[PDB]
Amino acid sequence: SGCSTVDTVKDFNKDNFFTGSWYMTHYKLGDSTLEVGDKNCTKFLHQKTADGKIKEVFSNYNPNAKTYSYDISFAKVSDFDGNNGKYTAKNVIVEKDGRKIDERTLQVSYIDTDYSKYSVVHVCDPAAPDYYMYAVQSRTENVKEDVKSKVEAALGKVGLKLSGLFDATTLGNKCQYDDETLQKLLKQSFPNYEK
């Protein structure tokens, strides 16, 4: 019980992964049937800087409530497990302006990625294992048709199929992403979490 350990991408290229932005297209969150409050449109921006810091800023938009939530993962190259797509991050839930609301530790496991199109991840809180997430992620709002099977294989490894996940792209026509806040918080200094 607790957080599941999943095999991860071998030879993780941080520099090509932690650049630009990603969209979360499909996902499973916990064991229970998904409620409308957990049906969100998520986009995140990240960056790895020379100092070795990794930073990821999430915009989570719930079309049903027309509300945004924001969180930021902070990690350092030295939090990664060797050369695998695996690491621990301090994830902070914040307001638009970056004020801390709550914080937790996440274990992030990249099951697979080709860097330029898609990634498949497992995220889990070692202190709240009932909060686990398996997610499909894309450089575009939809996963590009020509990698749909390369993705479905990855999900295969973890006992899942794409159709077995919430398709966030059913929200699409109502999906919104707070690019302004994303850009602003990425640049913004967080001395309580940097280092």
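One rule holds for the numbers: they count along the sequence shown, beginning at 1.
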{"item": "Between the two ranges 65-73 and 41-49, the one averaging a larger CA B factor in the entry", "value": "65-73"}
{"item": "Higher-scoring stretch by recorded Cα B factor average, 169-177 or 21-29", "value": "169-177"}
{"item": "Of the residues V143, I54, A127, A154, the one carrying the largest Cα B-factor as recorded", "value": "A127"}
{"item": "Residue with highest C-alpha B-factor in the PDB entry, from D102, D81, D97, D112", "value": "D102"}
{"item": "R139 - which third its CA temperature factor falls in, relative to the rest of the chain", "value": "lowest"}
{"item": "Cα B factor band for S149 (lowest, middle or highest third within the chain)", "value": "middle"}
{"item": "Relative C-alpha B-factor of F58, binned into the chain's lowest, middle or highest third", "value": "middle"}
{"item": "Relative C-alpha B-factor of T88, binned into the chain's lowest, middle or highest third", "value": "highest"}
